[PDB]
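Peer 1: Everything below, folded, please.
(chains A, B, C, D, E and F, ligands or ions: 5)
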Amino acid sequence: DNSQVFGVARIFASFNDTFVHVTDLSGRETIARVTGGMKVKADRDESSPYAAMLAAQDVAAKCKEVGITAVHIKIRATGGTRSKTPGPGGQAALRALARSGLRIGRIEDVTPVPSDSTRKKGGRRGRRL
Amino acid sequence: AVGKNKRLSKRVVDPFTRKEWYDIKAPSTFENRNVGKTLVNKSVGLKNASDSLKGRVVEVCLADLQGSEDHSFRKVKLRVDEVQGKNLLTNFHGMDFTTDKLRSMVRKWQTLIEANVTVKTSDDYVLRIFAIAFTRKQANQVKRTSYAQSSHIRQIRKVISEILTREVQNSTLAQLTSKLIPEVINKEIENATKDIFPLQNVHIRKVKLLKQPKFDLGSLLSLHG
Amino acid sequence: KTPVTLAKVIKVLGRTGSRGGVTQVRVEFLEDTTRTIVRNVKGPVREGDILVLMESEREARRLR
Amino acid sequence: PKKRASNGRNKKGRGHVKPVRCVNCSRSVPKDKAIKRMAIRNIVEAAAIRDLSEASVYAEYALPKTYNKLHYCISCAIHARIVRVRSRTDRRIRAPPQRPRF
Amino acid sequence: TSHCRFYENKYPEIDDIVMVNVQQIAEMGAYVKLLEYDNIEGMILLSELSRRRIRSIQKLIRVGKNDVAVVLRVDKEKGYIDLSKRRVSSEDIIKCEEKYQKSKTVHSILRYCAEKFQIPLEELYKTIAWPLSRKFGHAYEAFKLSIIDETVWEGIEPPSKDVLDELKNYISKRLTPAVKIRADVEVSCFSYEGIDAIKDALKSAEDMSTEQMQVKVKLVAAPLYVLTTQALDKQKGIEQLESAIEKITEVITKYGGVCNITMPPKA
RNA sequence: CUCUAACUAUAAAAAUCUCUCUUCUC
Ligand SMILES: [Mg+2]
Ligand SMILES: [Mg+2]
Ligand SMILES: [Mg+2]
Ligand SMILES: [Mg+2]
Ligand SMILES: [Zn+2]
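Peer 2: Numbers count the residues shown, from 1 in each chain, chains lettered A, B, ... in the order given. Ligands and ions are numbered 1, 2, ... in the order given. Find the structure here:
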């Protein structure tokens, strides 16, 4: 316990436009919401790993500016009724937050899993791409 | 990065130089009473911050609270109750598992038994507790599955309900947590259930706090120094 | 801030791409003997070349 | 002509089974003709464990794994390569693909 | 000798919207000149070209014509521009189309000025256009108020006064707008004497006509009398014609008749 | 004659088609 003031990065990684949003332990106080679509232009690449690194590096910079040094992780897919699977980008954001100075510990997944309700969007035959 | 429409239907500041830091303290129940820091907007009269703090909850792993790693999969939520200036106290608010351990236990070829019960503490803390158990493959079993009968499940659920009711109705929530951390109720459930069916991985889960009488200042002070 | 880094290729991981004209390799950095990373290369390479990477950590994947 | 002796359903003595939505295209399919994969993976990819390993508090952290089944409609199962279009005499082999690594 | 960009700094800015004249297309798009800033070129990239799928490369570019543009990252070391065409909002295109034409007219005038005075455009924009853009936010509004109010040149140091004189002449000849404000008043009278009342109303409405604004209520029908005025400041015709309507009412309320307004004064 | 550990990541659009069908016996 060498005074690692803690944070929770709470990457929310969807199949498009992932999120990195570091807040206090209680989660009440936000620090650098800055997201995936913040730093990319295509709007198709919002989920791309490069968006993850860009968002992660800038939120890490803001993290050093404020003072937070150690971070716990709340990885979250879209969850609910949608696909239950972590977004492609968010993993790259995890890697970047690991790299850029920040100390990391206590990795957790908090994807909201339902207990079978709220009939999934799409109809019977479902998406028919 | 642009593609904006700005359907709005610069007085900018530095919003974090205008903020204070506060300490978090865990009750005397756990080992490491200190928890960490919390950023808060600066306390000005007409919305004093201490008004805002009272009610905060923090999710903290039990490994940090106890130092040991076997409490890694546990997870305690502590509620902010008392503020002392630059330093604030916390009372127990809930218990849970890390979802990952829960899933690791949840496997195929072994039915799981759940016991849900709302129980009132000795003092007044109205709680709801859950219990999760899995059939254990025997020491000599060549049968490829380990399923339990419905009647066995009913009996086991009743036994676990009785044990949980006893444990909660015995003592106050402070003593209740002091029972929880050594997870003694787990060995008790296994003790009273090993005759019926083996039941590996018994685990008490999702300790949910529902009601609290008024404040109980004195006990909270006793739980912190 | 020009972090032009050098990575010697230690192993070549096949050839990918719809064109088939790009080759993915595992490259170990000239400095920091510890780290290795997988990256794409355009143009012929063999075991021992020194890729000049502007960017370091953008580990691309198999490309279709 | 009956394509599969097991009727390709695996219901055989249940009347009717609750339906489950596909994971990709969200087509509802009986929970038995509901090709299904245990997607157990380390929360971090093995390619990036080392960066985590030497730059983290809590020496020798658990590095947990994420668990979930995946339920596909068979259309997705075929197109997304989860299930291949096997040959005739090779259809009646139900053993998984020889435990991919062993 | 065309030079001397329209706005403060030579290089484009962050998330600014401009327009481009296109000349050349190699592989990844078109690195082509600007005519909103100095005369520098910029990359238009194909992945960021058009909303639809890029089916053809020749049709959507139209070499030698004007096109929308947005700059992402300005190369403020050597003069390069990374530029975009797809990500400009539908409402944003048209408002920039304004800004662009707004900028163009000032240059069109000061070009004529330089070519007739053989002074490079840089000095003219330095001396005149920049203080005008500083004072009124736009050199076009400064020119419009120059047409109305002469004090716009006070506090400015032209390189020579003949520049002011010829610029004023060219702006009074070319930037000349007097908007015709028109209204219609319905005579719904059924009264005893109406034509004498109408003559009195016309005389009392026409004697009010000033030296600069002259009001003539022309006839196109019996009930519908037409009120035409040349508002020089687009704000005096309203009060003139409102006074006219009040005077019509003062006429009509006592002879016995009644009149109604069909259209009030509008530009 | 002793055993049950790995893992990824695609889908834009493509409509139609005029004839002429002819043996096997040593
Ligand atoms: Mg299809
Ligand atoms: Mg039967
Ligand atoms: Mg099947
Ligand atoms: Mg046809
Ligand atoms: Zn599907």
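
Peer 1: How about whatever residue of chain A ends up closest to RNA strand F: what's its closest non-neighbour residue?
Peer 2: Residue of chain A nearest RNA strand F, by Cβ to the nearest atom of the strand: residue A:129 (5.2 Å). For every residue, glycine as well, the C-beta is placed using N, CA and C. Nearest residue to residue A:129 in three dimensions, chain neighbours excluded: residue D:25, at 6.6 Å (Cβ to Cβ, 6 or more residues apart in numbering or on different chains).

Peer 1: Residue A:124 is in contact with that neighbour, correct?
Peer 2: No: Residue D:25 is beyond contact range of residue A:124, at 11.2 Å (criterion: Cβ atoms under 8 Å).

Peer 1: Just want to know which of the two has more residues nearby.
Peer 2: Per other Cβ atoms under 10 Å in any protein chain shown, whichever of residue D:25 and residue A:124 has more neighbours is residue D:25, with 18 against 10.

Peer 1: could you say which helix or strand contains the more buried one?
Peer 2: Applying DSSP states H and E as the criterion places residue D:25 outside every helix and strand.

Peer 1: wait, what's in contact with it?
Peer 2: A:122, A:126-129, D:73, D:75-76 (Cβ atoms under 8 Å, 6 or more residues apart in numbering or on different chains).

Peer 1: ok now do residue D:33, which residues does it touch?
Peer 2: D:8-11, D:74.

Peer 1: Counting by contacts, list what the helix or strand encompassing residue E:244 packs against.
Peer 2: Taking DSSP H and E as the criterion, residue E:244 maps to helix E:237-255. Secondary-structure packing of helix E:237-255 (3 or more Cβ pairs under 8 Å, 6 or more residues apart in numbering or on different chains; DSSP states H and E): strand E:179-187, helix E:195-206, strand E:224-231, strand E:259-266.

Peer 1: got CSV for those, with distance to RNA strand F and mean neighbour count too?
Peer 2: Shown next, in CSV, are the helices and strands packed on helix E:237-255 (distance: least, Cβ to the nearest atom of the strand, whole Å; neighbours: other Cβ atoms under 10 Å in any protein chain shown):
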stretch, distance to RNA strand F, mean neighbour count
strand E:179-187, 51, 18
helix E:195-206, 67, 15
strand E:224-231, 55, 19
strand E:259-266, 49, 15
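
Peer 1: Just send the ones you listed back as JSON lines, with distance to residue C:44 too.
Peer 2: Output for the helices and strands packed on helix E:237-255, formatted as JSON lines (distance: least, Cβ to Cβ, whole Å):
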{"stretch": "strand E:179-187", "distance to residue C:44": "73"}
{"stretch": "helix E:195-206", "distance to residue C:44": "92"}
{"stretch": "strand E:224-231", "distance to residue C:44": "77"}
{"stretch": "strand E:259-266", "distance to residue C:44": "76"}
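
Peer 1: distance of the residue nearest to residue D:85 when sequence neighbours are not counted from chain E?
Peer 2: When the adjacent residues along the chain are set aside, residue D:85 lies closest to residue D:78, with 6.6 Å between them (Cβ to Cβ, 6+ apart). Separation of residue D:78 from chain E (Cβ to the nearest Cβ, to the nearest Å): 28 Å.

Peer 1: what's residue D:78 sitting at in phi/psi?
Peer 2: Dihedral pair for residue D:78: phi -80, psi -50, per degrees, to the nearest 10.

Peer 1: Could you do residue D:47 as well?
Peer 2: phi -70, psi -20.

Peer 1: Please work out how many residues are found near it.
Peer 2: 14.

Peer 1: what do you get for residue A:41?
Peer 2: Neighbours of residue A:41 (other Cβ under 10 Å): 21.

Peer 1: so what's the closest residue to it other than its chain neighbours up against?
Peer 2: What sits nearest to residue A:41 in space, not counting adjacent residues and going by Cβ to Cβ, 6+ apart, is residue B:1, at 4.6 Å. By Cβ under 8 Å, 6+ apart, the contact list for residue B:1 reads A:37-41, E:72, E:87.

Peer 1: Please, which helix or strand holds residue B:1?
Peer 2: Going by DSSP H and E, residue B:1 is not part of any helix or strand.

Peer 1: how far away is it from residue E:44?
Peer 2: 17 Å (Cβ to Cβ, to the nearest Å).

Peer 1: ditto for residue A:108
Peer 2: 45 Å.

Peer 1: And residue E:66, by the same measure?
Peer 2: In terms of Cβ to Cβ, residue E:66 sits 13 Å off from residue E:44.

Peer 1: who has more neighbours, those two?
Peer 2: residue E:44 (23 against 16).

Peer 1: In contact with that one, which residues?
Peer 2: So residue E:44 contacts E:20, E:22, E:29-32, E:61, E:69, E:83-85 (Cβ under 8 Å, 6+ apart).

Peer 1: same thing with residue B:209?
Peer 2: So residue B:209 contacts B:79, B:92-94, B:125-127, B:173 (Cβ under 8 Å, 6+ apart).

Peer 1: quick one: secondary structure of it?
Peer 2: Local secondary structure at residue B:209 is given as strand here, using DSSP: H, G, I helix; E, B strand; the rest coil.

Peer 1: Kindly state the beta-bridge partners for it.
Peer 2: residue B:127 (DSSP bridges).

Peer 1: Check residue C:53 too.
Peer 2: In beta-bridge terms (that is, DSSP bridges), residue C:53 pairs with residue C:5.

Peer 1: Can you give me the neighbour number for it?
Peer 2: With other Cβ under 10 Å as criterion, residue C:53 counts 17.

Peer 1: Quick one: classify the residue in the stretch 101-250 of chain E that chain D sits nearest to as helix, strand or coil.
Peer 2: The nearest approach of the stretch 101-250 of chain E to chain D comes at residue E:101, 49.7 Å away (Cβ to the nearest Cβ). Secondary structure, three-state DSSP: residue E:101 is helix.

Peer 1: now swap in the one 4 residues further on and tell me
Peer 2: Of the three states, residue E:105 takes helix according to three-state DSSP.

Peer 1: Make a PyMOL selection of whichever of the contacts of residue D:33 turn out to be buried.
Peer 2: Only the buried entries of the contacts of residue D:33 go into this PyMOL selection, using 16 or more other Cβ atoms under 10 Å in any protein chain shown:
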select buried, chain D and resi 74
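
Peer 1: Residue C:11 is in contact with residue C:24, isn't it?
Peer 2: No: using Cβ under 8 Å as the test, residue C:11 is too far from residue C:24 to be in contact (10.3 Å).

Peer 1: higher neighbour count, those two?
Peer 2: For residue C:11 and residue C:24, the more surrounded residue by other Cβ under 10 Å is residue C:24, and the numbers stand at 18 against 11.

Peer 1: That one looks like it's in a helix, true?
Peer 2: No: read with three-state DSSP, residue C:24 is strand and lies in no helix.

Peer 1: any idea how far it lies from residue A:95?
Peer 2: Taking Cβ to Cβ, one finds residue C:24 at 18 Å from residue A:95.
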